[PDB]
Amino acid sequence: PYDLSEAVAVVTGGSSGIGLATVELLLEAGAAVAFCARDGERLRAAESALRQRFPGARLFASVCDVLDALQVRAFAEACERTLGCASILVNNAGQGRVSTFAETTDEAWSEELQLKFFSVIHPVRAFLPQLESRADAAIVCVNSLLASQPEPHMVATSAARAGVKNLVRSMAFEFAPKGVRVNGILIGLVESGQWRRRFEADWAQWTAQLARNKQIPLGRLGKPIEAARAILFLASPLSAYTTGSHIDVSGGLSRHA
C-alpha cells in the first residue's frame, strides 16, 4: 500500500521499541533506512535481525547519542555518504520520567528538558539540509498525550513534552516553504521494557488490569507497531497535505473534544 523505495529514512533511537518497529515498517516499504542509538551491541544485534528479515535491505546502523551535536553531525554525514540525502526523519529517542513537582529537582528538570528538546533539535538541525534537497520530505517527532494532557506523576516529562509539541507546529510553519512537512504522534500507554520491568515487581492479564485502572477506552495497552504505523502514515506521501499536526495513539485517553 505504501511504496517508499524512493525514500531515505532516518530513525533516531531505532534499536528497540517504537523506533525498531518504525525501522521494520520502513524496510518493508522498501525504503533505505538508517538508525542510531547509544548501545552498540543492541544496535548491531537489531541490525542483524533486520538484514535477516529483509534480505535486500539498504540499511545503515551507527552508534550515536543524539544529545551530542558533534556526533549528530557525523551521523548525518555518514548517512548521506552511505544512502544519499535523507527524505524522512523520525525523532524517537526519549525516556519518560516518573516524578511529581515535589519530587523533581533542578537537576532532574534540566536533564528532562535537555533530553526532550535536543533529541529533536540536534537531528532536525543536522538533517534539515538533506531534507530540504529532497521531494516528499517529512519529519516525525514521537511524543506522548502528556504534552496536552498532563499526569500527576509525570510532571516534568509532561511539561517538556508540551514544549516539544509546540515546537513541531513552529518547525512545520518554518520548513513548509522548503517542502518539508513536520508532524508528531501522541502515544498513550504503550507496552515497553519499563512496563515489563514493573510487571516483574499471566502478563496479558496484569496489563489488562493496568489498562482498566488507567481507564483506557480500548481496554488494552498500545503496541509499538501501532505507534509505528501512525509514524509511517505521517512520514509517507499518504499524508502529503498534513503538516504541523499530531496523530493520537492513546487508545482514547484524550478527554479533550
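Don't overthink the numbering: it's just position in the shown sequence, from 1.
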Check the residues of the deposited sequence separating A201 from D202 and report how many of them have no coordinates, as none, 1 to 3, 4 to 9, or 10 or more. 4 to 9
Of 59-67 and 36-44, which one has the bigger average CA B-factor? 36-44
Is the mean CA B factor in the deposited entry higher across 172-180 or across 87-95? 87-95
Among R134, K116, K165, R125, highest Cα B-factor in the entry goes to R134
With respect to the C-alpha temperature factors reported in the PDB entry, which of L26, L189, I231, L210 ranks highest? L210
Going by the entry, which third of its chain does the Cα temperature factor of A156 land in? middle
Chain thirds by Cα B factor, record data; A78 belongs to the middle
Going by the CA temperature factor in the PDB record, which third of the chain does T105 belong to: lowest, middle or highest? highest
